[PDB]
Amino acid sequence: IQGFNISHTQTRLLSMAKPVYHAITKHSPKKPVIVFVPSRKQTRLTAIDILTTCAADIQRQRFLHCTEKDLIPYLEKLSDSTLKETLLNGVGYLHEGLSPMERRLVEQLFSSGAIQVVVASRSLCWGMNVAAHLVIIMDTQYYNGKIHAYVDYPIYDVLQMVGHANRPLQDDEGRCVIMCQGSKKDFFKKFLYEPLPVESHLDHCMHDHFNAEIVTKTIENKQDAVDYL
Amino acid sequence: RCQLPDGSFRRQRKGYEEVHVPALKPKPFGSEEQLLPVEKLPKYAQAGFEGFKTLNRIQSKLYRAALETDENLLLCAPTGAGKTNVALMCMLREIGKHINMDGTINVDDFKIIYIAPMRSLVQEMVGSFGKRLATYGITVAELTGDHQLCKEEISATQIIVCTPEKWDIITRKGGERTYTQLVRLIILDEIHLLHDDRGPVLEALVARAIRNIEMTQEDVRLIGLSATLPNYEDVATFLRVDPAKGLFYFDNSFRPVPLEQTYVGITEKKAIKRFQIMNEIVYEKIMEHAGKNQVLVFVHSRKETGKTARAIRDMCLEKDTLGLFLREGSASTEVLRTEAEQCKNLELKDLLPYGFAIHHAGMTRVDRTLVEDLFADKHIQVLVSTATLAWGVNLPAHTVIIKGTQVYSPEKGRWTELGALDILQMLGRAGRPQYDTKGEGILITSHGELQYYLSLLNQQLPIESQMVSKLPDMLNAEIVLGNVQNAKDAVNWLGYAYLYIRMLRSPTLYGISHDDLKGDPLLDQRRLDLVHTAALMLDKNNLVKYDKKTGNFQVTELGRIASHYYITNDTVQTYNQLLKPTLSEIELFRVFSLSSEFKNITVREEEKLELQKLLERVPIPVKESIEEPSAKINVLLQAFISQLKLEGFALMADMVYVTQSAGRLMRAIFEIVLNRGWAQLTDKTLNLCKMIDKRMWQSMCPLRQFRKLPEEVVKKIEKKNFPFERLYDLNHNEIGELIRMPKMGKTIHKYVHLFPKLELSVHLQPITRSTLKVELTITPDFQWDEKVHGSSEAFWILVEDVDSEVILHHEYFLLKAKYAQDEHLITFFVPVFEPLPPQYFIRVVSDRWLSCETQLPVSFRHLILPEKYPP
Amino acid sequence: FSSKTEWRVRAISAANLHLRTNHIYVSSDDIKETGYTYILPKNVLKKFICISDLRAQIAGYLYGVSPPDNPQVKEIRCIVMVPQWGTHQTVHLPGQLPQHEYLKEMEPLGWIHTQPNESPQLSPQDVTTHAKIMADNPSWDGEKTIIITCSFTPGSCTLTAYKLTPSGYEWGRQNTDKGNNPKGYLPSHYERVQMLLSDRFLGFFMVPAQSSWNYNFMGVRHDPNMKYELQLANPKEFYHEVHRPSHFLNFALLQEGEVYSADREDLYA
Amino acid sequence: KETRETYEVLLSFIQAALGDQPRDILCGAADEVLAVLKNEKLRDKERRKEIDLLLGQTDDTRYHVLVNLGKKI
């Protein structure tokens, strides 16, 4: 778990860019890597930044395990122009806006072993059928326009993203780096390792069911209601 | 070794050598070379040049490369050549790079950074730049911002002006990293500051900028401006200026008003006789110009601005009324001008009836402008002043005279000759562009430094880097930003320094014998040796954990705090070893006093008389220490906070130094001690921070932080003791009834409700026997005014344990302008421990605001913890 | 006190009180065995020593319950600090006893105070104080409430616990003279009682509602009949800025001193 | 030890008069006055006044504090 003391989210998110690359070069240099991000658009940007700081190392296109001639059949199917580039160097990304064919392609390229790194929107943590060796979660908050504030990733989500580093067929280990805010550091240190408690919410969301159940005559009177409870 | 100019001669008198050089001869206009009017240069840029019909010769020389190329620039031209308007064009190009047909200069594409060496200069520059560029409607402002309140403010700001230092801290924190990649242009103005002790900063800026561009592949224009000095090609190499198309050099002959230089060095060893000799040289030199002409005296003292005057006066009276009649007659030349302006704030009332007056920031605010008006219109031919007059609003003088060249440096603990840029600026004020034929200037100095001041004002002087002194601090901050992981990246970084090209092209000077230079041509092994010692220094003071084997650095929070506050690595380790949870205020001050930044401050015999009085008039006992530097610094800080005036000048300057550095120092203390979690001391330290910022103790009424308030009213409410939070219960009438000043009743009320107030609720539920969940609901209770609270208001929320001893958790909560009155919901978890305690406390406190706090006991008296969970 | 120099000597002294905190002694002497035995949680003791001063006595009021099924031991779970001021030999605290909600669950066990010089007896000022509380308060039981005297030994702290005997209670109710040797005072008046320190549970503090507790620096603002409320929060140290307003309110200055050194150099923010 | 006990305070008087002059000028001045007064055996005071005059105007009531002082070294 990597604590960052910058509260202002843009600055924080930006200043964890370099650590992402380093987290790869450290924990999983040659093995598949998935990076989860707070924003639909952030996926592009982070794929780019991974490539631009990839140049720094004096090491270019280290995440591409096949020649450019092989990727051409796959790239013919693309609309997004930047995705072509990011894929050309071995990265690529997945998000809401991508055509299902584009997504299927990227997934194929990753699992087959052609591209070593994929940056993915957070929303795709649940429905993603392609696993990895190292998983790097970048900045566990997201933005909500309704109250105009950032709000933390639901814990089960985080656990799911973490579980996305599993490769039982081959690897003897699997790795995860979670870069988060100062505040949110201790919480993860406590609750990712221990088994989780789970509590009921029915007390709050209650009316709809009593109504529906009364309709079926499963609750005919107040007593039946307590019994149902 | 130095050089004559052409017609120059040495004539030595008793006790002083006097050197004379004549004015330079302007280079004859080249074949078919004309000035450029404001017509024949591109359509858009022409706007905002109004009032000015023609371009200056040099401006006209390089305008082409200015607006037609992204190639980097270096110009070396003498003071007075008007360098700004060159750089201005380099800006008007970028301002033009983003333009539309149906809208002009759409401003979210680009931002420009103008780095100027002096504060007054920055102020006045934003002042005039605003007016000028306003035709475009582009918003230009000074960056004085504290980081967090004004970021989102300067978000919408373009072409931001700042001192190199400001840019460096603000980049170390990352306030810049939200701005950058929107930056296509940075201006380094007066880049010859490379030679100053401040030099390493400019070196750190530019090095970072270049080293960064190599990673991003996105480039930036860099425009350097310098006084005319050798080592121009070295500064060129540093700025990555292609010497072919990018380099520009002009010698001292291009000063718009030719300068006849007079330098009198004094041979007298005894200072007691010297303080006569220089007086007399002043008198003779001033009587030389006592006819129709204008003199300006730059003294480096505050008070001596008027001590130098009245000496000239009493001398002219002792002259049997000779030297007087500074006019063409009795009534002629407007002596009624000098007489009818009579009543003024300063001591001017004595000097004004006669021919001369004084100017400086201290005595008045508006009457400085009222004196500047008087000098421009030539009603006063003798004006004695300070360097801030040369650095501030621009007015020249027919002939200027620099008295003594030596100043008092509280940073150095002693006296030292003033900086390069100070003379260059104040002597570059010599002669008018309009009303003058040629300017002269007279530097009265010590003979020993007489060689030096010649190597400057004629281009003999090398520009060298002071980088080595600061190398350990520079390296840290780069590790802190993550721009250097290991030794290799460190040598790569240092390879971008000015000190690198200087170590390359003059190894003899920088400590490299030529043979071992041949043995290592690239300086790989010297740059590896260099930085290795910095690495060791940072390791020994615990800024970095770096093992020799890997060559890798690891940052520590202490290191980050150090970088972020621009505090040296000796001071920070002093704090590491000294700071303990149990420190009283009594001791906190001492630890502050032990800051390595103050190492040279000492206590003088003469002032130990006043320090004792001050020592007994301070609220926080120093008495742990006797008279030694610790005591002086301590009693000084207290004096500043307690707002006490000091008789000695030495102490005043000293105090100023101490208090200015104190903000960063105390703050780094707070940050450290907070990261540790030690509740009591983080309170004592943030409160100290506020007390320094606001210049008052907490025991004084919070209403004082609103400067809008009358002093007598404040003192009146302090007279009767009526606890401040009890003002909210009272209406507009009930307020005035306390102090029996009912006419004030409304206005007071406004402020009481302007004072930031949060009310807070909490919903607490246990999660496991170890941890509880807390939902804190912050509801703003105060009336927002952006002319008081501004764009943002900052608060620390921290939950403290049973004894208010340990801080179990803390967040930085920031309520923006828009959202006052909107309740914010913060959710966080806290641990509980085996002797389940009676309660926690949830504290919320404004960062900057003093006496502004709300505490919320969270009681566990009824808490029922969950059943422990089976294996 | 000298009110100037006297303040500061003791002030830089008290900044080391926390050193005492880890060397403490407790009187072990003959146990009546029919008596109650009081357990003092160590944390409150530490903090109480830390706020004090080495000359002026400060005092605090004890509140606790007996553990379930164990009526003969009294756990002290709370200390309350009220507006007060001391002498070197005694402490003046107001007539009103603590009233507050967190307190309703527990019983009063008496009080505890700092004692600049160690004496192996309960000071007449104390037995008199205690009896006079007890007279006015039925809430305080003669047999259940004690006086814990915490004395500052060299580099240390050392404490004893007393109970009034009925002889003592009557003498004290009666006694006017507050001098160090009143008429009719006897060692028969008090009795030592058994007390233990403990790390097993944590005690907590109650503290004045609209002010702090320490009135030593304002004696004229303190009155026997003064009323106060309470809150859950810890005591501030003796010399804490708040207890000392008169001293931070020493500023006589004209603003224009700032005119001098009007060179403003800042350059940072 | 006693000579310097009062030599410092001589320097105080200097600053009080002159103000915060550069070190060299403060201590140099000290050497001057101390040198002038010290030859009491020279005595005079008419001459001493002339010697003092060589310093011109110092007001007065200070110059006495430098009298009784300069007797005490």
# chains A, B, ... in the order shown; residues from 1 in each chain; ligands from 1
call {"tool": "closest_atom_pairs", "arguments": {"of": "chain B", "to": "chain D", "cutoff": "7 Å", "atoms": "only C-alpha atoms", "output": "JSON lines"}}
result
{"residue": "B:270", "atom": "CA", "partner": "D:28", "partner_atom": "CA", "distance": 6.1}
{"residue": "B:271", "atom": "CA", "partner": "D:25", "partner_atom": "CA", "distance": 4.4}
{"residue": "B:272", "atom": "CA", "partner": "D:29", "partner_atom": "CA", "distance": 5.3}
{"residue": "B:415", "atom": "CA", "partner": "D:22", "partner_atom": "CA", "distance": 6.6}
{"residue": "B:605", "atom": "CA", "partner": "D:8", "partner_atom": "CA", "distance": 6.1}
{"residue": "B:606", "atom": "CA", "partner": "D:12", "partner_atom": "CA", "distance": 4.0}
{"residue": "B:648", "atom": "CA", "partner": "D:20", "partner_atom": "CA", "distance": 6.5}
{"residue": "B:649", "atom": "CA", "partner": "D:20", "partner_atom": "CA", "distance": 5.7}
{"residue": "B:650", "atom": "CA", "partner": "D:20", "partner_atom": "CA", "distance": 6.0}
call {"tool": "interface_residues", "arguments": {"of": "chain B", "to": "chain A", "cutoff": "7 Å", "atoms": "only C-alpha atoms", "output": "list in words"}}
result
residues 174, 177, 178, 215, 216, 811 and 829 of chain B
call {"tool": "write_last_selection", "arguments": {"atoms": "C-alpha atoms", "output": "mmCIF file, in the first residue's frame"}}
result
data_model
loop_
_atom_site.group_PDB
_atom_site.id
_atom_site.type_symbol
_atom_site.label_atom_id
_atom_site.label_comp_id
_atom_site.auth_asym_id
_atom_site.auth_seq_id
_atom_site.Cartn_x
_atom_site.Cartn_y
_atom_site.Cartn_z
ATOM 1 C CA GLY B 174 3.810 20.149 -6.906
ATOM 2 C CA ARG B 177 2.702 19.953 -11.804
ATOM 3 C CA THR B 178 -0.937 20.889 -12.362
ATOM 4 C CA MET B 215 11.601 12.969 -20.848
ATOM 5 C CA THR B 216 8.356 14.512 -22.102
ATOM 6 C CA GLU B 811 -7.519 14.702 7.425
ATOM 7 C CA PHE B 829 -12.551 4.806 10.603
#
call {"tool": "closest_atom_pairs", "arguments": {"of": "chain C", "to": "chain B", "cutoff": "8 Å", "atoms": "only C-alpha atoms", "output": "tab-separated table"}}
result
residue	atom	partner	partner_atom	distance
C:8	CA	B:621	CA	5.8
C:9	CA	B:623	CA	7.7
C:11	CA	B:621	CA	7.3
C:12	CA	B:586	CA	6.6
C:15	CA	B:584	CA	5.8
C:18	CA	B:582	CA	7.5
C:102	CA	B:861	CA	7.6
C:200	CA	B:835	CA	6.9
C:201	CA	B:835	CA	4.9
C:202	CA	B:835	CA	5.9
C:203	CA	B:837	CA	7.7
C:204	CA	B:838	CA	6.3
C:205	CA	B:803	CA	7.7
C:232	CA	B:857	CA	6.5
C:233	CA	B:857	CA	7.3
C:234	CA	B:803	CA	5.6
C:241	CA	B:699	CA	7.5
C:242	CA	B:699	CA	7.2
C:245	CA	B:699	CA	6.0
C:247	CA	B:619	CA	6.0
C:248	CA	B:699	CA	5.5
C:249	CA	B:699	CA	6.3
C:251	CA	B:642	CA	6.6
C:253	CA	B:644	CA	6.6
C:257	CA	B:645	CA	5.1
C:258	CA	B:645	CA	7.1
C:259	CA	B:362	CA	4.7
C:260	CA	B:362	CA	5.5
C:261	CA	B:302	CA	6.2
C:262	CA	B:362	CA	4.0
C:263	CA	B:361	CA	6.3
C:265	CA	B:119	CA	7.3
C:266	CA	B:660	CA	7.0
C:267	CA	B:119	CA	5.8
C:268	CA	B:166	CA	5.4
C:269	CA	B:144	CA	3.9
call {"tool": "select_by_dssp", "arguments": {"residues": "chain D", "states": "helix (DSSP H, G or I)", "output": "ChimeraX atom specification"}}
result
/D:2-18,23-38,46-53,61-71
call {"tool": "write_last_selection", "arguments": {"atoms": "C-alpha atoms", "output": "CSV table (one decimal), in the first residue's frame"}}
result
chain,number,residue,atom,x,y,z
D,2,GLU,CA,37.5,43.9,35.1
D,3,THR,CA,39.0,46.1,32.4
D,4,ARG,CA,36.9,44.2,29.8
D,5,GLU,CA,33.9,44.2,32.2
D,6,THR,CA,33.8,48.0,31.6
D,7,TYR,CA,35.3,47.9,28.0
D,8,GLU,CA,32.2,46.3,26.7
D,9,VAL,CA,30.0,48.9,28.2
D,10,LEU,CA,32.2,51.5,26.7
D,11,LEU,CA,31.3,50.0,23.4
D,12,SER,CA,27.7,50.2,24.4
D,13,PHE,CA,28.0,53.9,24.8
D,14,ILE,CA,29.6,54.1,21.4
D,15,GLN,CA,26.7,52.4,19.6
D,16,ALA,CA,24.2,54.4,21.6
D,17,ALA,CA,25.8,57.5,20.2
D,18,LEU,CA,26.6,56.4,16.6
D,23,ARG,CA,32.0,46.7,13.2
D,24,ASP,CA,35.2,48.4,12.0
D,25,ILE,CA,33.8,51.8,12.7
D,26,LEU,CA,32.4,50.9,16.1
D,27,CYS,CA,35.6,49.4,17.5
D,28,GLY,CA,37.9,51.8,15.7
D,29,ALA,CA,35.9,54.6,17.3
D,30,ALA,CA,36.4,53.0,20.7
D,31,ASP,CA,40.1,53.0,20.2
D,32,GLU,CA,39.8,56.7,19.4
D,33,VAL,CA,37.9,58.0,22.4
D,34,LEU,CA,39.7,55.7,24.8
D,35,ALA,CA,42.9,57.0,23.4
D,36,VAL,CA,41.9,60.6,23.8
D,37,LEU,CA,40.5,60.6,27.3
D,38,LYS,CA,42.9,58.1,28.9
D,46,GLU,CA,40.7,72.9,27.8
D,47,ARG,CA,43.1,70.8,25.6
D,48,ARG,CA,40.7,67.9,26.3
D,49,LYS,CA,37.8,70.0,25.1
D,50,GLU,CA,39.9,70.8,22.0
D,51,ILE,CA,40.7,67.1,21.8
D,52,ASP,CA,36.9,66.4,22.2
D,53,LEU,CA,36.4,69.2,19.7
D,61,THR,CA,25.3,64.6,28.9
D,62,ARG,CA,26.6,61.5,27.2
D,63,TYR,CA,30.1,62.8,27.2
D,64,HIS,CA,30.0,62.7,31.0
D,65,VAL,CA,28.9,59.1,31.1
D,66,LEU,CA,32.0,58.5,29.0
D,67,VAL,CA,33.9,60.6,31.5
D,68,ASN,CA,33.1,58.7,34.7
D,69,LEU,CA,33.4,55.4,32.8
D,70,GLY,CA,36.7,56.2,31.3
D,71,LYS,CA,38.0,56.9,34.8
call {"tool": "residues_around", "arguments": {"residues": "residue C:90", "least_positions_apart": "4", "cutoff": "12 Å", "atoms": "only C-alpha atoms", "output": "number ranges by chain"}}
result
C: 55-59, 84-86, 112-117, 122-130, 149, 178-180
call {"tool": "atom_distance", "arguments": {"atom1": "atom CA of residue B:210", "atom2": "atom CA of residue B:496"}}
result
7.3 Å
call {"tool": "residues_around", "arguments": {"residues": "residue C:71", "least_positions_apart": "2", "cutoff": "12 Å", "atoms": "only C-alpha atoms", "output": "JSON, numbers by chain"}}
result
{"C": [34, 35, 36, 37, 38, 65, 66, 67, 68, 69, 73, 74, 75, 144]}
